[PDB]
Ligand SMILES: CC1(C)CCN(C[C@H](O)Cn2nc(-c3ccc(C(F)(F)F)c(CNCc4ccc(F)cc4)c3)c3c2CCN(S(C)(=O)=O)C3)CC1
């Protein structure tokens, strides 16, 4: 029914890994990455979208607190309400809280809608990654093993389904009996597998990967 493996990087839909630094903006990076993939499918152009734009402008009205955390779903709502999000190049990432500096002149994407998936359904998530594109999700990253991850299929016994770090699922697969999720993180290229972490799949919603998945869309109309 579904493909055994997916890697949205192979279709040119994933921008370079970013470096969030001391600013807790992983929620913003999760959000732009998902929308970038929809933009590339829609327009044929791969352009990084401004995570800083979300940190500075999708704030209190959306329950977000910039470098102190946020949600991807209300980040998408902001983009809908704002009728735009800027390119990352026009509004680059500074890893701190700033005044909203959105400028419609440098709008690089829109958002028509977003969709949330039901908690813990890794089959429903697998289908969405296959059929819709990369999915924004939260994970439990509050473990030293996460910070220290270098390669392989990550499994942390003490992981919980409560989420606290925004990431982007750009794929899934199976490595020698270990089914994994392919996860784009925002800790630069030196983390994990060139900025990615492959996380255990179909192991009881391990680290909450499927706790709060969502994805945006950019419709023709
Ligand atoms: C629309 C509303 C008004 C606002 C959004 N609401 C979402 C709803 O509460 C569902 N939800 N979503 C998340 C969720 C999903 C992804 C991410 C991530 F990706 F960033 F990591 C995170 C982390 N950031 C949280 C955060 C947000 C603002 C802030 F300043 C500081 C921190 C949380 C959680 C929950 C319930 C409780 N969990 S938990 C402990 O894991 O069970 C966390 C619904 C009402």
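Here, each number is a calculation from the coordinates, and none is a lab measurement. Please note: Cβ atoms are built from the backbone with ideal geometry, for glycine as well, and neighbour counts cover all protein chains shown.
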>> Exactly one condition in (1) part of a helix (DSSP H, G or I); (2) surrounded by fewer than 24 Cβ atoms within 10 Å (Cβ to Cβ) is false for residue 97; which is it?
In response: (1)
> Give me the pairs: first residue in segment 79-104 and free of Cβ contacts under 8 Å to residues at least 12 places away in the same chain, second residue loosely packed, with under 15 Cβ neighbours inside 10 Å and outside any loop (DSSP other than H, G, I, E, B), beta-carbon distance under 8 Å, and six or more apart or on different chains, which are they?
Replying inline: none
> What pairs can you find where one residue is in segment 64-77 and closer than 17 Å to residue 36 by Cα, the other is assigned to a loop (DSSP other than H, G, I, E, B) and more than 6 Å from the ligand (Cβ to nearest atom), and their Cβ atoms are less than 6 Å apart, with a gap of 6+ or different chains?
Replying inline: 75/58; 76/111
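Taking residue 84, is it within 13 Å of the ligand (Cβ to nearest atom) and in contact with a strand residue (DSSP E or B) (Cβ under 7 Å, 6 or more places away or on another chain)?
Criteria not met by residue 84.
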> Within segment 55-72, can you find the residues that are surrounded by 19 or more Cβ atoms within 10 Å (Cβ to Cβ) and near the ligand (Cβ under 7 Å from one of its atoms)?
Replying inline: 64, 70, 71, 72
> Given the structure, is residue 164 over 20 Å from residue 15 (Cβ atoms) and within 16 Å of the ligand (Cβ to nearest atom)?
Replying inline: yes
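Which residue, of 178, 184, 132, is touching a strand residue (DSSP E or B) at 6+ places or on another chain (Cβ under 6 Å) and farther than 25 Å from residue 16 by Cβ?
Details: 184 fails: farther than 25 Å from residue 16 by Cβ; 132 fails: farther than 25 Å from residue 16 by Cβ.
Of 178, 184, 132, the one residue that is touching a strand residue (DSSP E or B) at 6+ places or on another chain (Cβ under 6 Å) and farther than 25 Å from residue 16 by Cβ is 178.
Table: residues versus (1) in a strand (DSSP E or B); (2) within 16 Å of the chain's Cα centre (by Cα); (3) at negative phi; (4) surrounded by fewer than 21 Cβ atoms within 10 Å (Cβ to Cβ).
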residue: 124; (1), (2), (3), (4): no, no, yes, yes
residue: 145; (1), (2), (3), (4): no, no, yes, yes
residue: 156; (1), (2), (3), (4): no, no, yes, yes
residue: 182; (1), (2), (3), (4): yes, yes, yes, no
residue: 198; (1), (2), (3), (4): yes, yes, yes, no
residue: 202; (1), (2), (3), (4): no, no, no, yes
residue: 210; (1), (2), (3), (4): no, yes, yes, no
residue: 216; (1), (2), (3), (4): yes, yes, yes, no
residue: 221; (1), (2), (3), (4): no, no, yes, yes
